[PDB]
Ligand SMILES: CN1CCN(C(=O)Nc2ccc3c(c2)[C@H](NC(=O)c2ccccc2)CCC3)CC1
(Lines of atoms letter the chains of each structure in order from A and count residues from 1; the text may use other names and numbers.)
(Lines give C-alpha, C1' and ligand atoms only; values in the text may rest on other atoms or scores of the structure.)
Protein backbone atom coordinates (compact mmCIF):
# COMPACT_ATOMS: atom_id res chain seq x y z
CA UNK A 1 0.00 0.00 0.00
CA UNK A 2 1.50 3.35 -1.07
CA UNK A 3 1.46 6.30 1.29
CA UNK A 4 -1.20 8.92 0.53
CA UNK A 5 1.51 11.61 0.49
CA UNK A 6 5.27 11.77 0.13
CA UNK A 7 7.68 14.70 0.59
CA UNK A 8 11.36 13.81 0.11
CA UNK A 9 12.37 17.16 1.61
CA UNK A 10 11.24 15.75 4.98
CA UNK A 11 13.76 12.92 4.59
CA UNK A 12 16.63 15.32 3.87
CA UNK A 13 16.99 14.03 0.28
CA UNK A 14 16.51 17.37 -1.55
CA UNK A 15 19.16 20.07 -1.91
CA UNK A 16 18.53 23.81 -2.02
CA UNK A 17 16.66 25.20 -5.04
CA UNK A 18 19.00 26.37 -7.80
CA UNK A 19 18.77 29.25 -10.30
CA UNK A 20 19.49 28.42 -13.96
CA UNK A 21 19.48 32.02 -15.19
CA UNK A 22 19.48 32.62 -18.93
CA UNK A 23 20.84 29.09 -19.63
CA UNK A 24 18.40 26.32 -20.59
CA UNK A 25 20.04 23.84 -18.22
CA UNK A 26 16.78 22.65 -16.58
CA UNK A 27 17.60 19.11 -17.81
CA UNK A 28 20.94 19.16 -15.96
CA UNK A 29 19.33 20.40 -12.72
CA UNK A 30 16.61 17.79 -12.95
CA UNK A 31 19.20 15.03 -13.45
CA UNK A 32 21.49 16.09 -10.59
CA UNK A 33 18.50 16.53 -8.32
CA UNK A 34 17.44 12.94 -8.88
CA UNK A 35 20.97 11.66 -8.30
CA UNK A 36 21.42 13.86 -5.17
CA UNK A 37 18.55 11.97 -3.51
CA UNK A 38 20.02 8.55 -4.38
CA UNK A 39 23.42 9.69 -3.06
CA UNK A 40 21.82 10.68 0.27
CA UNK A 41 19.96 7.37 0.47
CA UNK A 42 23.17 5.42 -0.19
CA UNK A 43 25.76 7.42 1.78
CA UNK A 44 23.76 9.46 4.30
CA UNK A 45 25.22 12.70 2.92
CA UNK A 46 23.23 15.41 1.15
CA UNK A 47 25.48 17.03 -1.46
CA UNK A 48 24.66 19.34 -4.39
CA UNK A 49 26.00 17.84 -7.63
CA UNK A 50 27.38 19.76 -10.58
CA UNK A 51 24.84 20.78 -13.18
CA UNK A 52 27.67 22.62 -14.96
CA UNK A 53 29.56 19.31 -15.31
CA UNK A 54 26.57 18.00 -17.30
CA UNK A 55 26.25 21.18 -19.40
CA UNK A 56 29.96 21.14 -20.33
CA UNK A 57 30.56 17.38 -20.60
CA UNK A 58 27.30 15.52 -21.47
CA UNK A 59 27.23 17.14 -24.88
CA UNK A 60 26.95 16.02 -28.55
CA UNK A 61 27.68 12.34 -27.89
CA UNK A 62 24.61 12.40 -25.57
CA UNK A 63 22.36 14.45 -27.91
CA UNK A 64 22.57 17.39 -25.51
CA UNK A 65 23.13 21.04 -26.36
CA UNK A 66 24.21 22.60 -23.06
CA UNK A 67 22.43 25.93 -22.46
CA UNK A 68 20.19 25.08 -25.46
CA UNK A 69 18.68 21.98 -23.85
CA UNK A 70 19.21 18.26 -23.22
CA UNK A 71 17.81 15.05 -21.74
CA UNK A 72 17.88 13.80 -18.17
CA UNK A 73 18.26 10.21 -19.35
CA UNK A 74 21.28 10.85 -21.53
CA UNK A 75 22.77 12.92 -18.67
CA UNK A 76 22.46 9.81 -16.49
CA UNK A 77 24.18 7.73 -19.18
CA UNK A 78 27.03 10.28 -19.28
CA UNK A 79 27.51 9.90 -15.52
CA UNK A 80 27.53 6.10 -15.92
CA UNK A 81 29.96 6.19 -18.87
CA UNK A 82 32.15 8.80 -17.15
CA UNK A 83 32.20 6.82 -13.88
CA UNK A 84 31.27 9.96 -11.96
CA UNK A 85 30.06 13.52 -11.56
CA UNK A 86 31.75 16.31 -9.60
CA UNK A 87 30.20 18.25 -6.72
CA UNK A 88 28.57 21.61 -7.32
CA UNK A 89 31.13 23.22 -4.97
CA UNK A 90 34.07 21.90 -7.04
CA UNK A 91 32.51 22.60 -10.44
CA UNK A 92 30.19 25.58 -9.97
CA UNK A 93 27.35 26.73 -12.19
CA UNK A 94 28.06 29.58 -14.58
CA UNK A 95 24.95 29.57 -16.80
CA UNK A 96 27.05 29.28 -19.95
CA UNK A 97 28.59 26.57 -22.11
CA UNK A 98 32.22 25.91 -21.20
CA UNK A 99 34.94 23.38 -21.98
CA UNK A 100 34.58 20.07 -20.14
CA UNK A 101 36.55 20.35 -16.88
CA UNK A 102 35.55 17.13 -15.16
CA UNK A 103 38.14 15.86 -12.65
CA UNK A 104 37.71 12.64 -10.72
CA UNK A 105 39.42 14.11 -7.65
CA UNK A 106 36.25 16.19 -7.18
CA UNK A 107 33.85 13.26 -7.81
CA UNK A 108 30.89 13.34 -5.42
CA UNK A 109 28.66 10.69 -6.98
CA UNK A 110 28.44 7.79 -9.41
CA UNK A 111 25.51 6.21 -11.24
CA UNK A 112 25.15 2.55 -12.26
CA UNK A 113 21.85 2.61 -14.19
CA UNK A 114 18.67 4.58 -14.84
CA UNK A 115 15.07 3.59 -15.42
CA UNK A 116 12.55 5.24 -17.75
CA UNK A 117 8.96 4.86 -16.57
CA UNK A 118 6.14 3.96 -18.94
CA UNK A 119 4.57 6.86 -20.81
CA UNK A 120 1.77 8.75 -19.12
CA UNK A 121 1.26 6.32 -16.21
CA UNK A 122 0.71 8.47 -13.11
CA UNK A 123 0.12 5.41 -10.93
CA UNK A 124 3.57 4.08 -11.87
CA UNK A 125 5.07 7.50 -11.22
CA UNK A 126 3.44 7.53 -7.75
CA UNK A 127 4.94 4.15 -6.99
CA UNK A 128 8.42 5.29 -8.06
CA UNK A 129 8.27 8.48 -6.05
CA UNK A 130 7.12 6.49 -2.97
CA UNK A 131 9.53 3.52 -3.34
CA UNK A 132 12.58 4.79 -5.20
CA UNK A 133 12.95 8.54 -4.62
CA UNK A 134 12.53 11.79 -6.55
CA UNK A 135 11.96 11.32 -10.29
CA UNK A 136 13.18 13.47 -13.16
CA UNK A 137 10.33 14.53 -15.43
CA UNK A 138 9.57 16.90 -18.29
CA UNK A 139 6.62 19.30 -18.18
CA UNK A 140 4.90 21.73 -20.49
CA UNK A 141 6.02 25.02 -18.85
CA UNK A 142 5.35 27.28 -21.85
CA UNK A 143 2.07 28.82 -20.64
CA UNK A 144 2.04 32.30 -19.07
CA UNK A 145 0.24 30.91 -15.97
CA UNK A 146 3.23 28.69 -15.15
CA UNK A 147 5.59 31.64 -14.68
CA UNK A 148 3.05 33.41 -12.45
CA UNK A 149 2.24 30.45 -10.21
CA UNK A 150 2.21 31.33 -6.48
CA UNK A 151 0.11 28.83 -4.51
CA UNK A 152 -2.46 26.07 -4.55
CA UNK A 153 -2.44 23.27 -7.14
CA UNK A 154 -1.52 24.30 -10.69
CA UNK A 155 -4.11 23.38 -13.29
CA UNK A 156 -3.95 25.00 -16.73
CA UNK A 157 -6.61 23.96 -19.33
CA UNK A 158 -4.26 25.04 -22.16
CA UNK A 159 -1.46 22.72 -20.98
CA UNK A 160 -0.33 19.96 -23.33
CA UNK A 161 1.68 16.78 -23.14
CA UNK A 162 4.41 18.38 -25.27
CA UNK A 163 7.08 18.79 -22.62
CA UNK A 164 9.77 21.45 -22.78
CA UNK A 165 11.11 21.89 -19.28
CA UNK A 166 13.02 19.44 -17.04
CA UNK A 167 12.01 19.41 -13.37
CA UNK A 168 12.10 17.06 -10.37
CA UNK A 169 9.15 15.36 -8.68
CA UNK A 170 10.01 15.22 -4.98
CA UNK A 171 6.63 14.22 -3.64
CA UNK A 172 2.89 14.08 -4.02
CA UNK A 173 -0.25 14.62 -1.96
CA UNK A 174 -3.67 16.18 -1.73
CA UNK A 175 -4.35 19.86 -0.88
CA UNK A 176 -7.97 20.81 -0.28
CA UNK A 177 -9.30 17.93 -2.38
CA UNK A 178 -6.87 18.49 -5.27
CA UNK A 179 -4.26 15.80 -5.84
CA UNK A 180 -0.83 17.16 -6.73
CA UNK A 181 2.74 16.35 -7.66
CA UNK A 182 5.35 18.28 -5.69
CA UNK A 183 7.80 19.66 -8.22
CA UNK A 184 11.21 21.24 -7.63
CA UNK A 185 12.03 23.81 -10.34
CA UNK A 186 15.37 25.53 -11.09
CA UNK A 187 14.26 29.14 -11.40
CA UNK A 188 15.47 30.11 -7.92
CA UNK A 189 13.48 30.60 -4.67
CA UNK A 190 11.47 33.54 -6.18
CA UNK A 191 9.52 31.15 -8.39
CA UNK A 192 6.33 29.66 -6.96
CA UNK A 193 6.48 28.35 -3.39
CA UNK A 194 10.15 28.89 -2.54
CA UNK A 195 11.15 27.33 -5.89
CA UNK A 196 8.47 24.60 -5.88
CA UNK A 197 5.22 24.11 -7.75
CA UNK A 198 2.36 21.79 -6.91
CA UNK A 199 1.04 20.44 -10.21
CA UNK A 200 -2.28 18.68 -10.84
CA UNK A 201 -2.11 14.88 -10.38
CA UNK A 202 -4.44 12.25 -11.86
CA UNK A 203 -5.85 14.86 -14.21
CA UNK A 204 -5.01 13.15 -17.48
CA UNK A 205 -1.21 13.51 -17.40
CA UNK A 206 -1.55 17.23 -16.91
CA UNK A 207 1.23 19.24 -18.61
CA UNK A 208 2.87 15.94 -19.55
CA UNK A 209 4.25 15.45 -16.07
CA UNK A 210 4.20 11.62 -16.40
CA UNK A 211 5.18 11.58 -20.11
CA UNK A 212 8.94 10.99 -19.68
CA UNK A 213 9.90 10.16 -16.08
CA UNK A 214 13.22 8.63 -15.13
CA UNK A 215 15.39 8.02 -12.09
CA UNK A 216 19.00 6.96 -11.58
CA UNK A 217 20.37 4.37 -9.20
CA UNK A 218 23.72 3.95 -7.46
CA UNK A 219 25.43 0.55 -7.01
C1 LIG B 1 11.97 8.07 -26.91
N2 LIG B 1 12.47 9.32 -26.34
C3 LIG B 1 11.35 10.19 -26.04
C4 LIG B 1 11.85 11.53 -25.54
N5 LIG B 1 12.75 11.32 -24.43
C6 LIG B 1 12.85 12.23 -23.40
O7 LIG B 1 13.34 11.93 -22.32
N8 LIG B 1 12.32 13.47 -23.74
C9 LIG B 1 12.53 14.59 -22.93
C10 LIG B 1 12.45 14.50 -21.57
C11 LIG B 1 12.66 15.62 -20.80
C12 LIG B 1 12.94 16.83 -21.38
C13 LIG B 1 13.02 16.92 -22.76
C14 LIG B 1 12.81 15.80 -23.52
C15 LIG B 1 13.32 18.20 -23.45
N16 LIG B 1 14.65 18.20 -24.00
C17 LIG B 1 14.79 18.88 -25.17
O18 LIG B 1 13.89 19.52 -25.72
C19 LIG B 1 16.12 18.81 -25.79
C20 LIG B 1 16.63 19.92 -26.41
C21 LIG B 1 17.87 19.87 -26.99
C22 LIG B 1 18.60 18.71 -26.96
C23 LIG B 1 18.08 17.60 -26.32
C24 LIG B 1 16.84 17.65 -25.74
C25 LIG B 1 13.16 19.36 -22.51
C26 LIG B 1 13.89 19.09 -21.23
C27 LIG B 1 13.16 18.00 -20.50
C28 LIG B 1 13.72 10.26 -24.55
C29 LIG B 1 13.06 8.99 -25.06
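Just so you know, the numbers here start at 1 and follow the chain as drawn.
Per deposition record, X-ray crystallography, 1.8 Å.
Cβ atoms here come from the backbone N, Cα and C positions, even for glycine.
As given in Swiss-Prot:
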{"type": "ACT_SITE", "residues": "26", "note": "active site"}
{"type": "ACT_SITE", "residues": "165", "note": "active site"}
{"type": "ACT_SITE", "residues": "185", "note": "active site"}
{"type": "DISULFID", "residues": "13-111", "note": "disulfide bond"}
{"type": "DISULFID", "residues": "23-67", "note": "disulfide bond"}
{"type": "DISULFID", "residues": "57-100", "note": "disulfide bond"}
{"type": "DISULFID", "residues": "159-207", "note": "disulfide bond"}
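Features per Swiss-Prot, on structure.
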residue	record	Cβ within 10 Å
13	disulfide bond	19
23	disulfide bond	18
26	active site	25
57	disulfide bond	24
67	disulfide bond	18
100	disulfide bond	11
159	disulfide bond	24
165	active site	21
185	active site	27
207	disulfide bond	33
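In the three-state DSSP scheme, residue 13 (disulfide bond) is classed as coil. Comparing CA positions across the active-site residues 26, 165, 185, the one lying closest to residue 100 (disulfide bond) turns out to be 26. Using a 10 angstroms CA-CA radius around residue 26 (active site), the recorded positions that qualify from 13, 67, 111, 165, 185 are 67, 165, 185. Over all protein chains present, the Cβ of residue 111 (disulfide bond) has 25 other Cβ atoms lying within 10 Å. Mapped onto three states, the DSSP output places residue 26 (active site) in helix.
Annotated pair residue 185 (active site) and residue 23 (disulfide bond), C-alpha to C-alpha distance, rounded: 14 Å. Following the DSSP three-state reduction, the secondary structure of residue 57 (disulfide bond) is helix. Closest to residue 159 (disulfide bond) by Cα-Cα distance, out of the recorded positions 13, 57, 67, 165, is 165. For the pair formed by residue 67 (disulfide bond) and residue 165 (active site), distance between Cα atoms is given as 12 Å, rounded to the nearest Å. Under the three-state DSSP scheme, residue 165 (active site) falls in the strand class.
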